[PDB]
Amino acid sequence: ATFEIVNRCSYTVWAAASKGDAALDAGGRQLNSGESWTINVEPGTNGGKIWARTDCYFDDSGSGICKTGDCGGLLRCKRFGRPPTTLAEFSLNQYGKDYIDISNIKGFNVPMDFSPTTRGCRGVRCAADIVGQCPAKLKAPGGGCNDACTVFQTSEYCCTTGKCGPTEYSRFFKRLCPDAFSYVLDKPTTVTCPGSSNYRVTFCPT
């Protein structure tokens, strides 16, 4: 499956793509404002994620640091990124169907549209100014808007026991982005697409 990753932000981002225990495609790449990076994701990939990283430095070996979304200091991500990260999430070819969503469960750093480029389903978007409106207690000094599990480490925010309800903090993300997951047991905003669809992830779509 092909994912076109487009940076419409006025600032550089370092795109990242991982399924948690391995890179997807090259795993990461710099995207200056306006640049597009097309990656190939193996059919059947379960639990893949694409995200933006901001304010990165990398040396000639591809090692360094990012202020949001850092994946163990690597340009080419093999693991998931450090919150806060707006997440494009997907599982492909699951009994004939693809499943996609956007999630704020690990916070928000960059606005994002996640849309199919092939027929049969709709896209999702979280493009509100979540960082500008972020509750004071959730603001990440390094940049972005942390989720409340990252900040407070409670069973209720992290849904540790598989029982948890919405919270003042989850309702903040949900009010600004109704079509993204705001907490672990949120009413699902997952979109079912035809198996083997292709996609585009656009940072700063508006």
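Every number here is computed from the coordinates shown, using simple stated rules; none is lab data. We place every Cβ from the backbone using ideal geometry, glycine too, and count neighbours over all the protein chains shown.
The table below gives the values:
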| read-out | value |
| --- | --- |
| Condition broken by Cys66, with the remaining ones in (1) part of a strand (DSSP E or B); (2) free of Cβ contacts under 8 Å to residues at least 12 places away in the same chain; (3) not charged (D, E, K, R) satisfied | (2) |
| Only one of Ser115, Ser155, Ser182, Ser197 that is free of Cβ contacts under 8 Å to residues at least 40 places away in the same chain and either of a type in the set (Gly, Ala, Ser) or within 23 Å of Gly47 (Cβ to Cβ) (or both) | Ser155 |
| Condition met for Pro84 (buried (at least 20 other Cβ atoms within 10 Å of the Cβ), of a type outside the set (A, V, I, L, M, F, W, C) and in contact (Cβ under 8 Å) with a residue 12 or more places away in the chain) | yes |
| Condition check for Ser33: out of contact with any strand residue (DSSP E or B) (no Cβ under 9 Å at 6 or more places or on another chain), surrounded by fewer than 21 Cβ atoms within 10 Å (Cβ to Cβ), assigned to a loop (DSSP other than H, G, I, E, B) and of a type in the set (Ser, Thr, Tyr) | no |
| Selection from the stretch 23-66 of residues that are over 25 Å from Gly195 (Cα atoms) and hydroxyl-bearing (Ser, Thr, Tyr) | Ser33, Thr54, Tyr57, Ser61, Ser63 |
| Total residues in the stretch 40-69, condition more than 17 Å from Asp98 (Cα to Cα), among the β-branched types (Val, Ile, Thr) and surrounded by fewer than 20 Cβ atoms within 10 Å (Cβ to Cβ) | 1 |
| Residue satisfying all of: in the stretch 102-144; buried (at least 20 other Cβ atoms within 10 Å of the Cβ) and among the charged types (D, E, K, R); nearest to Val13 (Cα to Cα) among these | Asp113 |
| Residue, surrounded by the most Cβ atoms within 10 Å (Cβ to Cβ), within the stretch 19-30, restricted to residues that are within 28 Å of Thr206 (Cβ to Cβ) and of a type outside the set (D, E, K, R) | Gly28 |
| Condition broken by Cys193, with the remaining ones in (1) buried (at least 20 other Cβ atoms within 10 Å of the Cβ); (2) in a loop (DSSP other than H, G, I, E, B) satisfied | (2) |
| Search result, residues across the stretch 168-185 that are in a loop (DSSP other than H, G, I, E, B), crowded, with 20+ Cβ neighbours inside 10 Å and not aliphatic (A, V, I, L, M) | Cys177, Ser182, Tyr183 |
